[PDB]
There are 4 protein chains.
Amino acid sequence: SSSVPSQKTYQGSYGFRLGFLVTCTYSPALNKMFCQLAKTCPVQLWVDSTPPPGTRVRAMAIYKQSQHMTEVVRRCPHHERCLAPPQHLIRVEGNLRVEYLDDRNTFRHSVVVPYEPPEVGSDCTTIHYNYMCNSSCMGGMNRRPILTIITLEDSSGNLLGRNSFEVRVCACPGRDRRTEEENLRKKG
Amino acid sequence: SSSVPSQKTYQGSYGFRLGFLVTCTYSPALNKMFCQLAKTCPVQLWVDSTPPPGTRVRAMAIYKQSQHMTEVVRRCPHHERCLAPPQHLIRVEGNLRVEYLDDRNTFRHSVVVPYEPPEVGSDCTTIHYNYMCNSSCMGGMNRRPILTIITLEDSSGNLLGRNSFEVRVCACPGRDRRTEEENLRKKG
Amino acid sequence: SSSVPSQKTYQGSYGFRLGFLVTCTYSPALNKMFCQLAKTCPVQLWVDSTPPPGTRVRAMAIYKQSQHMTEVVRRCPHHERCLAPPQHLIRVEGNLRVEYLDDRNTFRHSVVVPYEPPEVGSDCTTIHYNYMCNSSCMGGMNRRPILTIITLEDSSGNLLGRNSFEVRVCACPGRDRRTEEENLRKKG
Amino acid sequence: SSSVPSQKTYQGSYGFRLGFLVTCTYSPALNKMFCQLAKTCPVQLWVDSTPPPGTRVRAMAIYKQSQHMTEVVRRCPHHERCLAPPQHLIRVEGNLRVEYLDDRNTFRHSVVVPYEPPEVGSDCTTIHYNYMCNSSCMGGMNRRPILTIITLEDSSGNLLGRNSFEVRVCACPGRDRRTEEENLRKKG
DNA sequence: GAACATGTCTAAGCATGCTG
DNA sequence: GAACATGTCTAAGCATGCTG
Ligand SMILES: [Zn+2]
Ligand SMILES: [Zn+2]
Ligand SMILES: [Zn+2]
Ligand SMILES: [Zn+2]
């Protein structure tokens with residue numbers, strides 16, 4: 001069986017979609033977050049129908065390039081050495097029921113929190129993600145772009161929905177977003 | 001009985017076809033993959049009808065030239081010395097059920113994984129292959145072109161489908177593809 | 001007592017001097033070696049008078065900048081993780097009597113080999129040093145320039161001579177030497 | 001103690017010198033032999049005074065470049081796999097008292113034969129060396145130039161004389177000698 | 001926020017065993 | 001013996017965290 005997780009969008013029967021509200025800036029044209037290391041990066045969860053009780057929200061990173069897709073995305077040794085295991089790239093802050101998973105078969109890391117419906121009178125649910133390395137970190141991502149895959153799962157483990165977005169963790173998110181959007185217009 | 005495996009295309013009752021999505025680049029005119037050694041090279045499996053449970057996907061290399069077709073394709077001694085047995089040229093990455101076979105009668109190497117139907121909502125299945133020598137490696141392929149033969153087999157061992165593509169593992173796939181396509185146009 | 005080792009040149013009663021013979025290139029104007037990581041970098045030992053039997057040759061790195069001089073120079077965690085202890089920056093190759101020292105009081109690293117007089121008919125002695133991080137390595141030298149201090153010591157531990165040279169370990173030694181010499185001429 | 005053998009010319013008290021008499025061609029300007037793999041390459045031994053009984057003649061290869069000098073020169077794995085141990089690069093043919101040595105401390109290979117004075121009426125002594133890899137062999141010399149060091153040693157192990165010459169083992173010695181001599185004249 | 005930093009990428013040219 | 005082969009080298013430009 002594949003040890004490479006699917007990245008294909010599956011908005012499913014619940015109409016699952018992500019939203020994004022500088023330390024952080026999202027490019028719709030590129031479907032790509034640009035953010036700074038270890039600074040919280042809010043992601044909104046939107047649904048058309050209410051998921052069942054016990055639904056979970058999982059995040060996982062994979063390398064976007066075909067030559068790297070089968071390699072597990074990990075924290076670099078420098079940032080490892082200085083609740084979350086130090087090897088995990090993606091953390092969730094501000095949640096009392098975070099679980100960190102090291103898959104015993106695929107060795108992939110993921111971080112999971114319960115799905116909480118918006119409060120009476122609210123429109124969406126926000127999760128506070130944190131990326132603990134730069135995209136450029138030697139011995140970690142090493143300048144290789146990643147995707148973050150967000151899956152909505154029921155308590156039985158059924159996939160209910162899947163979305164993903166590219167991430168660049170970098171020192172200058174505004175600069176680098178402008179550069180990439182301009183490159184797209186001129187050479188893409 | 002022959003110890004030379006058939007290379008003839010047999011797209012069979014399931015409508016079995018290969019797809020190909022630079023470290024690697026595929027030439028449709030040549031039906032030939034150009035890729036770099038030890039860098040993963042994705043191959044898509046397409047079918048018109050769903051194969052039975054237990055279907056397997058086998059890959060095997062053979063020399064394309066008639067003067068070399070009866071010689072087993074193997075890893076060169078240099079790359080052998082530095083799950084897959086070190087003598088095998090072709091590996092599969094990213095799969096938890098890979099099997100490597102050394103045929104006890106023909107001495108041919110092959111690598112097999114279970115056929116997995118595309119996920120609900122997907123269109124095809126990708127296998128992450130890896131070639132561990134350059135076509136030029138002394139004491140291995142020694143500049144001899146190979147074909148990779150992909151067979152779809154049921155659990156009983158019946159051939160269900162067969163496809164093949166030429167491979168050149170080289171340092172400069174883009175350069176070498178351009179050269180060979182130009183040579184085809186001018187002198188083929 | 002100080003835990004910062006002296007860097008002051010002491011060419012002493014034996015007339016101790018260093019010589020330097022691209023993966024490496026020495027700038028006399030800057031008294032600075034430019035070299036690549038993990039590539040051997042020969043240093044010549046010259047003396048006017050023959051040192052006693054049992055003389056030893058020690059190498060130690062220290063940060064050149066006053067704000068960093070009291071911090072021990074160490075290998076970065078990435079290059080540590082992939083005879084010499086993995087925390088040591090400076091190795092000696094090609095010698096059967098190397099000793100690596102972690103000072104129990106100062107925590108400084110050094111590497112020592114016996115002094116061998118030139119062979120009958122020779123003029124100097126070469127030691128094959130190796131620097132296992134770039135000056136830029138995150139979590140190690142972190143772009144801070146270092147000096148290497150070479151001391152000639154008798155077996156009793158008396159200082160006989162001392163010399164030092166700046167080091168920049170970098171990807172492009174020729175480029176970076178040209179840049180720094182030009183900057184000296186224009187802005188120094 | 002150094003595990004790097006000296007290459008410095010020492011023609012010594014016996015006036016020891018080498019002579020060289022296409023599969024083989026010697027460049028005096030470059031002090032460099034150009035020869036083909038596994039084809040015998042005669043080297044003449046000249047002396048002014050007769051060495052004592054029991055004198056031996058040793059040959060050893062080292063890498064010429066400073067970045068490679070501390071690495072032992074070995075046969076590549078391909079030519080290893082197809083009296084001399086298969087790991088040795090340099091063989092002596094036509095001698096009944098050849099000894100092959102793997103140094104237990106330095107791991108360096110060498111090949112030794114007795115020194116035989118020229119026959120009554122002769123002028124020099126010829127040894128038939130054979131290089132069993134090309135300079136270009138992957139996993140062996142890998143395009144790195146070598147020197148061959150020839151030492152005259154007494155039976156007690158005293159060094160009596162030392163000479164050396166660069167070697168390029170290649171498919172086209174005449175071509176490559178012409179190219180290198182021209183490069184010397186134009187760009188050296 | 002503009003400029004500097006510095007390991008990496010890229011394309012043209014070099015390499016060197018092999019082919020015709 | 002001249003031309004082709006094909007992994008490698010080289011220099012200019014790109015990269016991206018850091019400095020001023
Ligand atoms: Zn990091
Ligand atoms: Zn190989
Ligand atoms: Zn480092
Ligand atoms: Zn060889």
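In what follows, every chain begins at residue 1, and chains take the letters A, B, ... in the order their sequences are listed. We use all heavy atoms of the structure for the numbers below, so side chains are in, but hydrogens, waters and symmetry mates are not.
- Partners of C:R143 under the salt bridge (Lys or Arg N to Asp or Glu O under 4.0 Å) rule, at least two apart in sequence or in another chain, do not exist in this structure.
- Looking only at distances, no side-chain donor or acceptor of B:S135 sits under 3.5 Å from a matching main-chain atom of B:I146.
- When each of D:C170 and A:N142 is assigned the nucleotide of DNA chain E bearing its nearest heavy atom, the one mapping closer to the 5' terminus is A:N142.
- Relative to the side chain of D:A171, the nucleotides E:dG7, E:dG17, F:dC18 differ in distance, and E:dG17 lies closest.
- A distance below 6.0 Å separates the ring centres of D:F20 and D:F165.
- The side-chain hydrogen bond (donor to acceptor under 3.5 Å, both in side chains) test with C:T25 is passed by exactly one of C:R178, C:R177, C:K32: C:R177.
- Atom pair B:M141:CE and F:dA5:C1' shows a separation of 16 Å (rounding to whole Å applied).
- Straight-line distance from the CG atom of A:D176 to the P atom of F:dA15: 10 Å, rounded to whole Å.
- Rounded to a whole Å, the CZ atom of D:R178 is 16 Å from the P atom of E:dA15.
- Note: A:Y63 OH to A:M69 CE = 13.0 Å, rounded to the nearest 0.5 Å.
- To the nearest angstrom, P of F:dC4 lies 10 Å from CG of B:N183.
- One atom, CZ of B:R144, and another, P of E:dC18, lie 12 Å apart when rounded to the nearest Å.
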Item to check | Pair assignment for DNA chain F - dot-bracket with | for other-strand partners, Watson-Crick or G-U under 3.5 Å | outcome: .|.|..|..||..|..|.|.
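- A:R177 has its CZ atom 18 Å from the P atom of F:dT16, to the nearest Å.
- Here F:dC14 presents its P atom at 17 Å from CZ of A:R143, a figure rounded to the nearest Å.
- The side chain of B:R175 has F:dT6 as its nearest neighbour among E:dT8, F:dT6, E:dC18.
- Remark: C:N134, C:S136 in residues 129-138 of chain C come within less than 4.0 Å of DNA chain E through at least one heavy atom.
- Heavy-atom nearest nucleotides on DNA chain E were determined for C:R168 and for D:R168, and the one closer to the 5' end corresponds to C:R168.
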